[PDB]
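Shown next as structure tokens: one chain only, the form solved without the partner chain.
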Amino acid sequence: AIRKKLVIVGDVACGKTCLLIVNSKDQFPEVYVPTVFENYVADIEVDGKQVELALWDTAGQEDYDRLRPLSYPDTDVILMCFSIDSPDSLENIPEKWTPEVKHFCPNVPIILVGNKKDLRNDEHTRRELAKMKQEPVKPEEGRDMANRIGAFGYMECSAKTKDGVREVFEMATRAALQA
């Protein structure tokens, strides 16, 4: 079996841990975990190709800026996340996440992921953003950002509804295998 390491980064609350936890065989309600603390492994076949992806979660706060790089050694693919209900989280993609990842993970492919796709048409989300004269991120904005940062691809998903989640991890596996 081919062994690859994946790291997920992005602002706190943008859905990183939930995205990884969709893959987990075992589930544990009413426990909030800042990061996946167990050795969670994704088993993905890509055209008769048994690949095991170790999934590494990260803490996005500024307080962890000096310890977060402990997660980066020997990474094979990055999931770089923002959330579609948070224009601020997209702004931090070029300003914080891209230079940090390119520095610690040189030449490692980046999948840019827009999380919480279910919230784009959600009435409450629309109202909360609208009161500050904001709106959910549009797909064209994610595509434009993937171009600016040189990402391998841009994909949208919802850990809540599960839409797009498979594609994220299958594309991350395809990315990890090119090197």
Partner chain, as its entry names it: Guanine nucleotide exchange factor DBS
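Positions refer to the first chain, counted from 1.
One more form of this protein should be noted, the form deposited with the partner chain bound, which is absent from this view; the next part is about it.
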| item | value |
| --- | --- |
| 4.5 Å heavy atom contact, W56 and the partner chain in the entry with it bound | yes |
| Interface membership of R127, the partner chain in the entry with it bound, 4.5 Å heavy atom rule | no |
| Distance check, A151 to the partner chain in the entry with it bound, heavy atom within 4.5 Å | no |
| Close approach of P34 to the partner chain in the entry with it bound, 4.5 Å, heavy atom | yes |
| Contacting member of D65, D122, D144, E135, with respect to the partner chain in the entry with it bound [4.5 Å, heavy atom] | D65 |
